[PDB]
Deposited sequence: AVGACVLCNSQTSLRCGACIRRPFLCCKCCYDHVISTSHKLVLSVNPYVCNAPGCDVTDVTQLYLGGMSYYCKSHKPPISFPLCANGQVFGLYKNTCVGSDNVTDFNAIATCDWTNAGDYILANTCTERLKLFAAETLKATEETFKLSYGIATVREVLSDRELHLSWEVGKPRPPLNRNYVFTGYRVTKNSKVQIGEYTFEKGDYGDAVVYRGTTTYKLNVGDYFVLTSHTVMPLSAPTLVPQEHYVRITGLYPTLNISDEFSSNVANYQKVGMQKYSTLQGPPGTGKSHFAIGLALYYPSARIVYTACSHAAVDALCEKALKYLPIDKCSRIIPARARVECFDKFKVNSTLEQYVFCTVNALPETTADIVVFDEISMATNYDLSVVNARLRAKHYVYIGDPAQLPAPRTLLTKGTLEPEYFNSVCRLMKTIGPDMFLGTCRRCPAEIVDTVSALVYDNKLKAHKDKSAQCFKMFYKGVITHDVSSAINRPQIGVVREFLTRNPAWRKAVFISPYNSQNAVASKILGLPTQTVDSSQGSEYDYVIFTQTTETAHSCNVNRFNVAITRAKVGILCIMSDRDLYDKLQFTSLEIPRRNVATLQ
C-alpha cells in the first residue's frame, strides 16, 4: 500500500487499478499514464472513486477532492480540487514506453521488442505483466474429458463445446483431475502421464496455470570490472584439456558477469564444468530453464567433478524423469545443478546459467533474486531457439529481443566466443557459419561427404495447424531402402505431426527441431515439411542441421535455405 513508482521510484500511495499488475505510480507518472491510456482507475489506501451513494464514477479525470473524500463533477462540493490537473494526480509525497507495456495484448513482436529496449524497471514490469497475461489466457480454453481408454499409450477424448481446443503437443502440459500432469500426441491420440495411473474415464484435465510472483531483482545485475580475480582462487595444475579456456575462466573472475556465445558443439558444457576445475574451491550453482539442459550439465560434471560434492535439485512436484546419479536435494553440496523454477534461496561463488537463448527476462530476474553470487556466467547462443512465446502470433521475434543477455550478445557482442565446432561435418559448419555466425565459426571435422540435400515440395496436409508432408516422408523411405546405414538416424522436422507420421512409416526415432536443441546424433534426417516462417526460421534451421556428427539428409521446401545448404544434392 505504501510503495515505490515503477518508473521514477518516487514513493506514493498511488497505484494503477487498470494495470493487470497494479503498479505503484507517482503523481507525475500516474497523470501521464491515465491521460494517455484507457487506464483511469487510480488506487491508494482508498480507491479514487465517487464517494457519493450509488455513483459509478471511477475515472480519475472526472474526479475531485471534497475535503478528505473524492467525488465526481456532479457530486463534488463547492470547495473541491480536480484529482487530475497540473501534470500530477493528487497523492502523498507530491513514460510512452510504460503505457505501451501496460496496455498491450502481447500478440505482436513489437511488444516483446519494447519489453527489452526499455529501462531495467520497465523490463521487470513488462516480464511480470506478460507472464500474468499468459497465465490468465490459459483460463480461456476447453476441458478434455476421457471418453474411452484403448490401451496403455492410447485414448479418446470429449472436448468442451464453445471453448477453443489447445494444440496437442508436449509444449502444453495439462494437469489431470488430482492425478498428476499429463501430455498429448496424435481418432487415436496418445496419453503421457508423468505419474502412472490407470486412465480413468470421466476424469477430466485442465491447463497448468501457476501464480505470477512479483519481480524484485534486475534481469542483469550492474556490471563490475575488477583488476584481479575477485573471491575466486585459481589452480596452476589446470589440465591441458581446459588450457584453451584458462584465459576466459580468468575473464570470469575479473567481471561481475560475463557472456559466452557457443555455437553448436563448440564446448559449452566442457567450458562450464572446466570453470569448476579452474576455481576448485568455488561453490558453483549450475542452472538452466529446462531439466534436459541441467541434465546435460550433470552428465558433463559426472566425468570431471567429484560425485560427492554434486547435488541435482529436484522439485517436490517431480514432473518428468531427470538425472539420477547425484545426491538429490542437498542444497549445500559444492556443485548444485538445478532448473530456474526450483532454485532455492542460496548464495554461490559462481552461478552458471546455460541455454541462455531459452531464458525469458522473468527467468533472468528470478535467478538474480534466488541466488546472490560473486560471479555470474551466461552461456548460450542467440543463433539458437528462444523460449516459446505462446501469446505472440504477429511478427517474428529477433535474437536481440529474446532476453537482456541475448540483447547484449547481439548488440555489443559476447564477452567470450567459442569459435571452433568439434561436432559437425564441415558441410554443416560452413553452412551455419555463413547463415548465423558471420563466418566466425570454424570447422574442426573435415567434410564427412555424408551431408545431402533434396529439393522436394511434396504435399502439405494439416492436423489442426501442425503440418504433415507424406511425400517428403516417402522420399526418406526410398532413401533408407538405398542407404540402410541411415537406419541408425534420428528423424527431425519442425512439426510434431510430421514426426508422428514418420515414426509410424519409417520407424526412426523422432525429435522436433525445438526438442533436439542441445542433443547430438551421428545421423539426422530432416524434412522441412513446409515453407512457413516457422520452418524457414534461421535459428530453427541452424539447430536442425547442427544436430549431426556424421551425416545429414535435408529434404527441403524453401529454395533459399536449400541453395544455402553446402551439401551434395540428390536426385528423384
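Missing from the model, relative to the deposited sequence, are the stretches 95-102, 186-193, 203-206, 593-601.
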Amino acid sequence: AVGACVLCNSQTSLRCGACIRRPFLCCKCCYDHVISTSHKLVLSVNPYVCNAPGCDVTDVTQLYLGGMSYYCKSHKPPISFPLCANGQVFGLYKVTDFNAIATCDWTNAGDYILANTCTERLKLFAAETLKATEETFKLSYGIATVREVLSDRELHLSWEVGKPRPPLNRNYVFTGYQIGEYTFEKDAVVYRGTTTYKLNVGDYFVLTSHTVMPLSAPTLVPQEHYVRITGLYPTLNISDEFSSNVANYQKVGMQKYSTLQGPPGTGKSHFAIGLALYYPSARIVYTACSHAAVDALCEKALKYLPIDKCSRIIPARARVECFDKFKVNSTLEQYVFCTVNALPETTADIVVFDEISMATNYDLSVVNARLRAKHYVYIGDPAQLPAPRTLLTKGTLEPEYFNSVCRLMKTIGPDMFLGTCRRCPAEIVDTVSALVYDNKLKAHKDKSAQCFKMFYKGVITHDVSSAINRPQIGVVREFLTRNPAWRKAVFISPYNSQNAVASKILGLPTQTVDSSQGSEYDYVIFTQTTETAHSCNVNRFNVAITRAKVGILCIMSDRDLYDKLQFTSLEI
From here on, numbers count along this sequence of modelled residues.
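The term rigid core refers to the maximal set of C-alpha atoms that superpose within 1.5 Å between the two forms.
Stretch 66-74 is the one, of 66-74 and 529-537, whose CA positions lie farther from the shown form in 9 other deposited structures of this protein once all structures are superposed by the rigid core. In a rigid core superposition of the other structures in 9 other deposited structures of this protein, 84-92 and 293-301 differ in how far their CA atoms stray, and the farther one is 84-92. In the comparison with other entries of the same protein, residue 229 is given coordinates in all of those covering both sides of it, so it never reaches the one-third threshold. Notably, residue 319 is an intermittent gap: at least a third of the other compared entries of this protein, restricted to those modelling both its neighbours, have no coordinates for it. The question of which stretch, 241-249 or 197-205, has the higher mean Cα B factor is settled in favour of 197-205. The question of which stretch, 165-173 or 396-404, has the higher mean Cα B factor is settled in favour of 165-173. If you compare the C-alpha temperature factors of 189, 297, 418, 340 in the entry, 189 comes out highest. In this entry, the residue among 381, 427, 345, 105 with the greatest C-alpha B factor is 345.
Placement of the Cα temperature factor of residue 497 within the chain: lowest third of the modelled residues, per the deposited record. In the deposited entry, the Cα temperature factor of residue 324 places it in the highest third of its chain's modelled residues. When the modelled residues of the chain are ordered by C-alpha B-factor, residue 572 sits in the middle third. In this PDB entry, residue 263 carries a Cα temperature factor that places it within the lowest third of its chain's modelled residues. For residue 67, the recorded CA temperature factor ranks within the highest third of the chain's modelled residues.
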